[PDB]
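So the protein sequences, as listed, match chains A and B. Each residue of the first sequence is one higher than the one before, starting from -3 at the first, in the entry's author numbering. Each residue of the second sequence is one higher than the one before, starting from 171 at the first, in the entry's author numbering.
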Amino acid sequence: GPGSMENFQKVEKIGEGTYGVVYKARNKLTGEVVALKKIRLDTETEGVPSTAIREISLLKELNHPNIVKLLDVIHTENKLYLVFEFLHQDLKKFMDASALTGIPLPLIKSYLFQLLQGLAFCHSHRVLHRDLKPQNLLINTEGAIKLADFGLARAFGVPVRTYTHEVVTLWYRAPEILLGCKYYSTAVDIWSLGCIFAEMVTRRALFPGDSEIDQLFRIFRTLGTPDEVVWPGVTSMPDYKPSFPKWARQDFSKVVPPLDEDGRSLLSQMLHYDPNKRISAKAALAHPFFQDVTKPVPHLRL
Amino acid sequence: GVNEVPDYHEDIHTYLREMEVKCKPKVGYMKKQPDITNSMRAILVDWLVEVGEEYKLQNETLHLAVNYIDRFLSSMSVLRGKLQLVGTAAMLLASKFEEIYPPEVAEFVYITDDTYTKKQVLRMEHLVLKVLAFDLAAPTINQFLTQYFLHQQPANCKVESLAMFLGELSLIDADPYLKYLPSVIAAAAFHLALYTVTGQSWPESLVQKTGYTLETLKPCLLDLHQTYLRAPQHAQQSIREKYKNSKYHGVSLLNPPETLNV
Ligand SMILES: COc1cc(Br)ccc1O
Ligand SMILES: COc1cc(Br)ccc1O
Ligand SMILES: COc1cc(Br)ccc1O
Ligand SMILES: COc1cc(Br)ccc1O
Ligand SMILES: COc1cc(Br)ccc1O
Ligand SMILES: COc1cc(Br)ccc1O
């Protein structure tokens, strides 16, 4: 822990969360710009938050170009400072900043590709992210996108056992979570990336539900109400209801009209109902969609 | 089989094997422990088994907590009157990591019989974190066992529960078990369990996965076989009691085999 709050000069606040507030700071000796996430152990009513215990322990071993790097942990008795590498913006603000311009297909492609590398790396190191959404993906000026906020992440075993329910921000939540399945796996992260893919194209959320059931219904109206054929077991699932409306699956070219043959192929496989058939981050790296992928810088500035 | 992460199971295995060497305690730490013994450790761990039953915690949590204690005690010298405070903070941290619903801190103070205060437990929580440098995602015997379990033809609950049980018995006795890695005890335990229940042996397929053979497992197997035979007589009994429960198929009631023909 070779770090001291005395070599940092606060610059501005760049975010906030349950944990607390994030500031951009500058290392006065090396010049390095960092994000400082402050956890107020001050509220030690129960000690060090489990969310922070998971975030720190899991990020300490997740070293990958597309996962935000934990640089240091400064550990007063009063406070706890997580020093993260500094990235300029998050994907949601960029999508807003890209309002009526669109995000260029090369950049969507590049971003999806990098997101898949980082998630594959998580999965290969027994870590589920469980809150992939645009607000939690950080971009730099150099064309990098990195998974961040591991506050809800979780070290899984093989095979998985039952973990916390109603995880993932609702808009990005996989159907097997919405249907209260006993077990969920790496597939839930893939689902999230699928939503984000579609969202990078349209700049609008794909399934913006206002409730668990409205969420399911939004999903079902787009991909079709699942049955024993498309998804064996579904009808047995704890929160499956036989009275669910049976919506026909609409043609996939209509879900995301600007998307090409390869794009649609990939999207459909990210959004397969059955977690067992849904594509892995690792297999998805090889999809033809990426044949011509490059890494361009973001077209706009911070 | 997404619950069994087909695309990542080997990556994960390979990764855990690396990590278990980094998260390993010093085999000979109790000698450099002036004021505590293997016997006191056995008492502490046996207690932690009861706490886990009391609060209906995962078995993974118990394994994590033991891992934390043995690494702390590998670098931090502890008086006998403080051994429990280490153990309680270990269990708290392990719960915050592994449990959906950790017991509240107050509950941890309670199970220590107000030996310690809520301040002491919290202050120790920080100390353990500083000593471990937050490195809490440690491979446990269980995380190995569950993978080995996929190699049964077919799955057998008695085999699984008994493997768990044997592996848990190993946590109690720093001597000899500190000298063996989680992946090796799990392999010993799996074969012992399999043999005992079905007469079967370490499968070829697990030789492929792990590189371990009954040849390389032999030392640990000989130890585990003894621990199994002498378990009714061991001063600590909480694991046997626990593994009477139907939850674990009453495996502690099964009779160990007299020889291993190994
Ligand atoms: C020991 O120094 C540390 C460094 C990092 Br990165 C995380 C936690 C620590 O405790
Ligand atoms: C001026 O250095 C500091 C910066 C922050 Br942010 C917090 C504490 C400090 O001492
Ligand atoms: C832009 O906001 C953030 C940037 C980094 Br780097 C870490 C956390 C944040 O909230
Ligand atoms: C589980 O809740 C619901 C189920 C159906 Br069907 C319709 C409306 C609801 O609110
Ligand atoms: C005195 O403190 C003790 C702690 C444990 Br754990 C076992 C035996 C003891 O005597
Ligand atoms: C002194 O008594 C005890 C000490 C420890 Br450590 C654990 C359980 C006990 O009963």
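Using N, Cα and C, we set each Cβ at its ideal position, and we do this for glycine too.
query	result
Selection of the stretch 121 to 132 of chain A by Cβ proximity to chain B, strictly under 9 Å	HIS121, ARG122, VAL123
Contact with chain B by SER264 of chain A, beta-carbon distance below 8 Å	no
Nearest residue (CA-CA) to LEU423 of chain B, options B:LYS202, B:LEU430, B:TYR413, B:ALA357	B:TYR413
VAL248 of chain B (DSSP reduced to helix, strand or coil)	coil
Distance cut-off 7 Å: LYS56 of chain A Cβ against heavy atoms of ligand 1	yes
Supposed close pair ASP177 of chain B, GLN406 of chain B - CB separation, criterion 8 Å	No, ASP177 of chain B and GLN406 of chain B are not in contact; Cβ-Cβ is about 41 Å, not under 8 Å.
Distance between beta carbons of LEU281 of chain A and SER94 of chain A, contact taken as under 8 Å	Actually they do not touch by this definition, with Cβ atoms about 25 Å apart.
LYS6 of chain A versus A:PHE193, A:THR14, A:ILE141, A:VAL79, residue with shortest Cα-Cα distance	A:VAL79
For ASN208 of chain B and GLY27 of chain A, the rounded distance between their alpha carbons	50 Å
Minimum Cβ-Cβ distance from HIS268 of chain A to chain B less than 8 Å	no
Between the CA atoms of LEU299 of chain B and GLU40 of chain A - distance to the nearest angstrom	15 Å
Under 7 Å by beta carbon: chain A residues contacting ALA307 of chain B	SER53, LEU54, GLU57, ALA151
Nearest neighbour of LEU376 of chain B, chosen from B:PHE314, B:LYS202, B:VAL172 [CA to CA]	B:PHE314
Contact between the stretch 302 to 314 of chain B and the stretch 386 to 402 of chain B (3+ Cβ pairs under 8 Å)	no
Short CB-CB distance (under 8 Å) between residue 307 of chain A and chain B	The structure shown does not extend to residue 307 of chain A, since chain A is modelled only from -3 through 298, so no value can be given for it.
Strand pairing of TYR19 of chain A, partner residues [DSSP]	A:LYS9, A:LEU32
Bridge partners - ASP68 of chain A, DSSP secondary structure assignment	A:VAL79
Amino acids of chain B, ordered along the chain, whose beta-carbon sits closer than 7 Å to that of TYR179 of chain A	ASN173
Proximal residues of chain B, C-beta to C-beta of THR182 of chain A below 9 Å	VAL172, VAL175, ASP177, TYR178
Residue-chain proximity (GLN313 of chain B, chain A), Cβ-Cβ < 8 Å	yes
Segments assigned alpha helix (DSSP H), at least 4 residues, entirely inside the stretch 306 to 379 of chain B	311 to 318, 327 to 340, 344 to 347, 352 to 368
Buried or exposed by the 16-neighbour rule on C-beta atoms within 10 Å, applied to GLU172 of chain A	buried
C-beta contact flag for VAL236 of chain B and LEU218 of chain B at 8 Å	yes
Within 7 Å of chain B by C-beta, residues of the stretch 28 to 52 of chain A in sequence order	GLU40, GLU42, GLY43, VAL44, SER46, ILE49, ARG50, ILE52
Under 9 Å from the C-beta of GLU73 of chain A: neighbouring residues of chain B	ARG293, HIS296
Closer than 7 Å: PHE80 of chain A CB and nearest ligand 2 heavy atom	no
Where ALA303 of chain B sits in the DSSP three-state scheme	coil
Between the CA atoms of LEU232 of chain B and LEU362 of chain B - distance to the nearest angstrom	21 Å
Beta-ladder partner(s) of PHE4 of chain A, from DSSP	A:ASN23
Continuous alpha helix (DSSP H) stretch holding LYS237 of chain A: start and end	Looking at the DSSP string, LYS237 of chain A is not in any alpha helix (DSSP H), and its letter there is neither H nor E.
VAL64 of chain A Cβ short of 7 Å to ligand 3 heavy atom set	yes
Per-residue contacts from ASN272 of chain A into chain B (C-beta, under 8 Å)	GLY171, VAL172
Sequence ranges, alpha helix (DSSP H) only - wholly within the stretch 97 to 165 of chain A, length at least 4	101 to 120
Cβ pair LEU348 of chain B, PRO195 of chain B closer than 8 Å	yes
Residues near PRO102 of chain A in its chain [Cβ-Cβ closer than 7 Å; skip 5 each side]	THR290, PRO292
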